[PDB]
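Structure file work_34.txt; described as compact mmCIF, N, CA and C atoms.
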# COMPACT_ATOMS: atom_id res chain seq x y z
N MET V 1 -0.86 -48.45 136.41
CA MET V 1 -0.31 -49.70 135.81
C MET V 1 0.81 -50.21 136.70
N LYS V 2 0.90 -51.53 136.82
CA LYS V 2 1.98 -52.13 137.58
C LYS V 2 3.33 -51.76 136.96
N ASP V 3 4.32 -51.52 137.80
CA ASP V 3 5.66 -51.22 137.33
C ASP V 3 6.33 -52.52 136.91
N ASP V 4 6.81 -52.58 135.66
CA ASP V 4 7.45 -53.80 135.19
C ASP V 4 8.76 -54.10 135.90
N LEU V 5 9.30 -53.18 136.69
CA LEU V 5 10.47 -53.47 137.50
C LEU V 5 10.11 -54.00 138.88
N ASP V 6 8.82 -54.15 139.20
CA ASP V 6 8.47 -54.82 140.45
C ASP V 6 8.95 -56.27 140.38
N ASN V 7 9.56 -56.75 141.46
CA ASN V 7 10.05 -58.12 141.46
C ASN V 7 8.90 -59.07 141.17
N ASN V 8 9.13 -60.00 140.26
CA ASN V 8 8.10 -60.93 139.79
C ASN V 8 8.49 -62.33 140.25
N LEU V 9 7.73 -62.87 141.19
CA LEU V 9 8.12 -64.15 141.77
C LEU V 9 7.92 -65.32 140.82
N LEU V 10 7.05 -65.19 139.81
CA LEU V 10 7.02 -66.22 138.77
C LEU V 10 8.34 -66.26 138.03
N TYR V 11 8.90 -65.10 137.71
CA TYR V 11 10.19 -65.05 137.04
C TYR V 11 11.26 -65.74 137.88
N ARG V 12 11.25 -65.49 139.19
CA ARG V 12 12.26 -66.07 140.07
C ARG V 12 12.07 -67.57 140.26
N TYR V 13 10.81 -68.04 140.18
CA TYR V 13 10.48 -69.43 140.45
C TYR V 13 10.59 -70.33 139.23
N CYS V 14 10.14 -69.86 138.06
CA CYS V 14 10.12 -70.71 136.88
C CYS V 14 10.86 -70.14 135.68
N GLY V 15 11.42 -68.94 135.78
CA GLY V 15 12.24 -68.41 134.71
C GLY V 15 11.51 -67.60 133.66
N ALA V 16 10.28 -67.19 133.92
CA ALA V 16 9.54 -66.35 132.98
C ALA V 16 8.62 -65.43 133.76
N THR V 17 8.52 -64.18 133.31
CA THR V 17 7.61 -63.23 133.93
C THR V 17 6.16 -63.56 133.60
N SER V 18 5.92 -64.11 132.40
CA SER V 18 4.58 -64.52 131.97
C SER V 18 4.63 -65.96 131.48
N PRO V 19 4.75 -66.92 132.39
CA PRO V 19 4.87 -68.32 131.97
C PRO V 19 3.59 -68.86 131.38
N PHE V 20 3.76 -69.92 130.60
CA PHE V 20 2.65 -70.74 130.15
C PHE V 20 2.30 -71.73 131.25
N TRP V 21 1.01 -71.92 131.48
CA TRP V 21 0.54 -72.85 132.48
C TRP V 21 -0.35 -73.91 131.85
N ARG V 22 -0.38 -75.07 132.50
CA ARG V 22 -1.23 -76.18 132.10
C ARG V 22 -1.73 -76.86 133.36
N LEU V 23 -3.00 -77.23 133.36
CA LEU V 23 -3.60 -78.02 134.43
C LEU V 23 -4.39 -79.16 133.80
N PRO V 24 -4.05 -80.41 134.08
CA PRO V 24 -4.78 -81.55 133.52
C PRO V 24 -6.06 -81.85 134.30
N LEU V 25 -6.82 -82.81 133.79
CA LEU V 25 -7.98 -83.34 134.49
C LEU V 25 -7.60 -84.42 135.49
N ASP V 26 -6.37 -84.94 135.45
CA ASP V 26 -5.96 -86.07 136.27
C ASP V 26 -4.84 -85.73 137.24
N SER V 27 -4.63 -84.44 137.51
CA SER V 27 -3.60 -84.00 138.43
C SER V 27 -3.95 -82.59 138.88
N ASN V 28 -3.58 -82.26 140.12
CA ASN V 28 -3.72 -80.91 140.64
C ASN V 28 -2.39 -80.15 140.68
N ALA V 29 -1.38 -80.66 139.98
CA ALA V 29 -0.11 -79.95 139.83
C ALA V 29 -0.26 -78.96 138.68
N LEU V 30 -0.14 -77.67 138.99
CA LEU V 30 -0.12 -76.64 137.96
C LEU V 30 1.27 -76.56 137.36
N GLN V 31 1.39 -76.82 136.06
CA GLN V 31 2.65 -76.71 135.36
C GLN V 31 2.91 -75.27 134.97
N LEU V 32 4.12 -74.79 135.22
CA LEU V 32 4.56 -73.47 134.78
C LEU V 32 5.79 -73.65 133.90
N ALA V 33 5.69 -73.23 132.64
CA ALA V 33 6.78 -73.38 131.68
C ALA V 33 7.18 -72.02 131.14
N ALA V 34 8.49 -71.76 131.06
CA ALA V 34 8.92 -70.48 130.53
C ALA V 34 8.66 -70.35 129.04
N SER V 35 8.57 -71.46 128.33
CA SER V 35 8.22 -71.46 126.93
C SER V 35 7.35 -72.68 126.69
N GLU V 36 6.57 -72.64 125.62
CA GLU V 36 5.68 -73.77 125.35
C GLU V 36 6.45 -75.00 124.89
N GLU V 37 7.70 -74.84 124.48
CA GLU V 37 8.56 -75.95 124.11
C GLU V 37 9.53 -76.35 125.22
N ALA V 38 9.48 -75.67 126.36
CA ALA V 38 10.42 -75.94 127.44
C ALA V 38 10.30 -77.39 127.90
N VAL V 39 11.44 -77.98 128.27
CA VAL V 39 11.47 -79.36 128.72
C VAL V 39 11.57 -79.50 130.24
N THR V 40 11.80 -78.42 130.97
CA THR V 40 11.87 -78.50 132.42
C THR V 40 10.47 -78.64 133.01
N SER V 41 10.39 -78.70 134.35
CA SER V 41 9.15 -79.06 135.03
C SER V 41 8.98 -78.30 136.35
N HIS V 42 8.75 -76.99 136.25
CA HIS V 42 8.33 -76.22 137.42
C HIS V 42 6.85 -76.45 137.64
N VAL V 43 6.49 -76.81 138.87
CA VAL V 43 5.09 -77.04 139.19
C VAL V 43 4.73 -76.31 140.48
N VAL V 44 3.44 -76.03 140.63
CA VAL V 44 2.86 -75.54 141.87
C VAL V 44 1.77 -76.51 142.27
N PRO V 45 1.86 -77.16 143.43
CA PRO V 45 0.78 -78.06 143.86
C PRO V 45 -0.43 -77.27 144.30
N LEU V 46 -1.50 -77.31 143.53
CA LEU V 46 -2.71 -76.59 143.89
C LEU V 46 -3.50 -77.39 144.91
N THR V 47 -4.24 -76.68 145.76
CA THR V 47 -5.19 -77.37 146.62
C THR V 47 -6.34 -77.87 145.75
N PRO V 48 -7.12 -78.82 146.25
CA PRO V 48 -8.26 -79.29 145.45
C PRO V 48 -9.21 -78.17 145.06
N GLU V 49 -9.43 -77.21 145.95
CA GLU V 49 -10.34 -76.11 145.63
C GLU V 49 -9.74 -75.17 144.59
N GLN V 50 -8.44 -74.87 144.69
CA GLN V 50 -7.82 -74.03 143.68
C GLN V 50 -7.90 -74.67 142.31
N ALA V 51 -7.60 -75.97 142.23
CA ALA V 51 -7.67 -76.67 140.95
C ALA V 51 -9.10 -76.70 140.42
N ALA V 52 -10.09 -76.94 141.30
CA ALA V 52 -11.47 -76.92 140.86
C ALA V 52 -11.86 -75.56 140.31
N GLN V 53 -11.30 -74.49 140.87
CA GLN V 53 -11.59 -73.15 140.38
C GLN V 53 -11.07 -72.96 138.96
N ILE V 54 -9.85 -73.42 138.68
CA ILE V 54 -9.36 -73.34 137.31
C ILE V 54 -10.27 -74.12 136.38
N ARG V 55 -10.73 -75.28 136.82
CA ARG V 55 -11.54 -76.12 135.96
C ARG V 55 -12.94 -75.58 135.73
N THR V 56 -13.34 -74.47 136.37
CA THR V 56 -14.58 -73.81 135.98
C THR V 56 -14.43 -73.08 134.65
N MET V 57 -13.19 -72.86 134.20
CA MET V 57 -12.96 -72.24 132.90
C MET V 57 -13.52 -73.13 131.80
N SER V 58 -14.20 -72.52 130.85
CA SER V 58 -14.76 -73.23 129.71
C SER V 58 -13.77 -73.17 128.55
N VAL V 59 -14.23 -73.56 127.35
CA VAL V 59 -13.39 -73.52 126.16
C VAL V 59 -13.17 -72.11 125.65
N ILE V 60 -13.88 -71.13 126.18
CA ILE V 60 -13.66 -69.74 125.79
C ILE V 60 -12.70 -69.12 126.78
N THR V 61 -11.86 -68.21 126.28
CA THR V 61 -10.86 -67.57 127.12
C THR V 61 -11.52 -66.82 128.27
N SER V 62 -10.95 -66.98 129.46
CA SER V 62 -11.35 -66.22 130.64
C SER V 62 -10.16 -66.12 131.57
N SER V 63 -10.39 -65.52 132.74
CA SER V 63 -9.35 -65.28 133.72
C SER V 63 -9.78 -65.79 135.09
N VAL V 64 -8.82 -66.32 135.83
CA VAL V 64 -8.99 -66.67 137.23
C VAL V 64 -7.73 -66.22 137.94
N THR V 65 -7.87 -65.65 139.13
CA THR V 65 -6.74 -65.24 139.95
C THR V 65 -6.66 -66.14 141.17
N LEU V 66 -5.49 -66.73 141.39
CA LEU V 66 -5.25 -67.58 142.55
C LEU V 66 -4.16 -66.95 143.39
N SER V 67 -4.27 -67.14 144.70
CA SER V 67 -3.21 -66.75 145.64
C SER V 67 -2.31 -67.97 145.81
N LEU V 68 -1.15 -67.93 145.17
CA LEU V 68 -0.19 -69.01 145.24
C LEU V 68 0.94 -68.66 146.19
N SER V 69 1.43 -69.67 146.88
CA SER V 69 2.57 -69.51 147.77
C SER V 69 3.82 -69.81 146.96
N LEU V 70 4.62 -68.77 146.72
CA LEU V 70 5.91 -68.89 146.06
C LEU V 70 6.94 -68.38 147.05
N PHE V 71 7.91 -69.22 147.39
CA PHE V 71 8.95 -68.82 148.33
C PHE V 71 8.34 -68.41 149.67
N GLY V 72 7.24 -69.07 150.04
CA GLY V 72 6.58 -68.80 151.30
C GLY V 72 5.84 -67.50 151.37
N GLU V 73 5.62 -66.85 150.23
CA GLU V 73 4.93 -65.57 150.14
C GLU V 73 3.70 -65.75 149.26
N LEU V 74 2.57 -65.18 149.69
CA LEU V 74 1.34 -65.28 148.91
C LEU V 74 1.37 -64.27 147.78
N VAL V 75 1.25 -64.76 146.55
CA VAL V 75 1.37 -63.96 145.35
C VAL V 75 0.07 -64.09 144.56
N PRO V 76 -0.64 -63.00 144.28
CA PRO V 76 -1.75 -63.10 143.32
C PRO V 76 -1.20 -63.45 141.95
N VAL V 77 -1.67 -64.56 141.40
CA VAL V 77 -1.26 -65.03 140.08
C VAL V 77 -2.49 -65.01 139.17
N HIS V 78 -2.39 -64.27 138.08
CA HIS V 78 -3.52 -64.06 137.18
C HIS V 78 -3.38 -65.02 136.01
N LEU V 79 -4.27 -66.01 135.95
CA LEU V 79 -4.27 -67.03 134.92
C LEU V 79 -5.30 -66.69 133.85
N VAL V 80 -4.84 -66.44 132.64
CA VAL V 80 -5.71 -66.25 131.49
C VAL V 80 -5.59 -67.51 130.65
N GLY V 81 -6.72 -68.08 130.26
CA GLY V 81 -6.66 -69.28 129.45
C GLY V 81 -8.03 -69.88 129.28
N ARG V 82 -8.04 -71.18 129.02
CA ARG V 82 -9.28 -71.85 128.69
C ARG V 82 -9.05 -73.35 128.72
N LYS V 83 -10.16 -74.08 128.62
CA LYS V 83 -10.12 -75.52 128.45
C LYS V 83 -9.72 -75.79 127.01
N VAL V 84 -8.48 -76.24 126.80
CA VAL V 84 -7.93 -76.39 125.45
C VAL V 84 -8.21 -77.76 124.84
N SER V 85 -8.57 -78.75 125.65
CA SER V 85 -8.91 -80.08 125.17
C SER V 85 -9.84 -80.71 126.20
N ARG V 86 -10.36 -81.90 125.88
CA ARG V 86 -11.29 -82.57 126.78
C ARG V 86 -10.74 -82.66 128.20
N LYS V 87 -9.42 -82.80 128.34
CA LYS V 87 -8.84 -83.08 129.65
C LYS V 87 -7.70 -82.14 130.02
N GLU V 88 -7.66 -80.93 129.46
CA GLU V 88 -6.59 -80.00 129.80
C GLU V 88 -7.06 -78.56 129.72
N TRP V 89 -6.59 -77.77 130.68
CA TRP V 89 -6.71 -76.32 130.72
C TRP V 89 -5.31 -75.72 130.55
N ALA V 90 -5.21 -74.61 129.83
CA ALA V 90 -3.89 -74.02 129.60
C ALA V 90 -4.03 -72.55 129.27
N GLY V 91 -2.95 -71.81 129.48
CA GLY V 91 -2.94 -70.41 129.11
C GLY V 91 -1.65 -69.75 129.54
N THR V 92 -1.72 -68.46 129.83
CA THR V 92 -0.57 -67.68 130.28
C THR V 92 -0.87 -67.10 131.66
N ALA V 93 0.18 -66.93 132.45
CA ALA V 93 0.08 -66.40 133.80
C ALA V 93 0.85 -65.10 133.92
N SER V 94 0.43 -64.25 134.85
CA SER V 94 1.16 -63.04 135.20
C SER V 94 1.11 -62.83 136.70
N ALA V 95 2.08 -62.07 137.20
CA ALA V 95 2.21 -61.80 138.64
C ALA V 95 3.14 -60.62 138.90

I'd like the structure from this file rewritten - as structure tokens, please.
Amino acid sequence: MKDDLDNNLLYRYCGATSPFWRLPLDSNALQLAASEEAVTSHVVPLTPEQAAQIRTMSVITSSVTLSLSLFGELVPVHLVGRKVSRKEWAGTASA
């Protein structure tokens, strides 16, 4: 099992070890929020292919792992979630 004391670059970047994420149908900016009520706006600009990969998720929960560049370092980010509405995907992330 991963050691929970391993430095977590999501925590350093957006303020949560397991942030909530959202990806719309009209933008390739991945939103990372420390809470579902948070008002700030940490984003990761996904490439078109990365965003298309998230959008293969259906309305049933599944997982996709993306290699995101945080602080110039490639971090495997594990996105669990689903298509939550006609035009939005959302879930929780870990890293």

Next item on the list: Mind giving me the straight-line distance from atom N of residue 67 in chain V to atom C of residue 50 in chain V in Å, one decimal?
Entry: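 Separation between atom N of residue 67 in chain V and atom C of residue 50 in chain V: 8.7 Å.
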
Notebook entry, point to check: Between V:71, V:94, V:64, V:83, which has the minimum distance to residue 13 in chain V (counting all atoms listed in the file)?
Noted result: V:71

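Straight-line separation from atom N of residue 11 in chain V to atom C of residue 77 in chain V: 11.5 Å.
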
Checklist line | Gap from atom C of residue 89 in chain V to CA of residue 23 in chain V - Å, one decimal | finding: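 Computing it gives 4.8 Å between the two atoms.
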
Margin query: So, with only C-alpha atoms as the atoms that count, which of V:9, V:55, V:16, V:37 lies closest to residue 74 in chain V?
Written below: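 Among the listed residues, V:9 lies closest to residue 74 in chain V.
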
Checklist line | DSSP-assigned alpha helix (DSSP H) members of range 2-95 of chain V, reported as a ChimeraX atom specification | finding: /V:9-14,48-54

Note to self: Just checking: using only C-alpha atoms, which residue out of V:57, V:29, V:10, V:43 ends up closest to residue 80 in chain V?
What the structure shows: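 Checking each candidate against residue 80 in chain V, we get V:57 as the closest.
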
Item checked: Best match for closeness to residue 66 in chain V among V:27, V:82, V:95, V:87, counting only C-alpha atoms ->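 Checking each of V:27, V:82, V:95, V:87 against residue 66 in chain V, counting only C-alpha atoms, the winner is V:95.
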
Note to self: I need the residue nearest residue 8 in chain V from this list: V:70, V:79, V:51, V:92. Use only C-alpha atoms for the distance.
What the structure shows: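 Checking each candidate against residue 8 in chain V, we get V:70 as the closest.
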
Checklist line | From V:90, V:32, V:25, V:60, residue lying nearest residue 48 in chain V [only C-alpha atoms] | finding: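 Checking each of V:90, V:32, V:25, V:60 against residue 48 in chain V, counting only C-alpha atoms, the winner is V:25.
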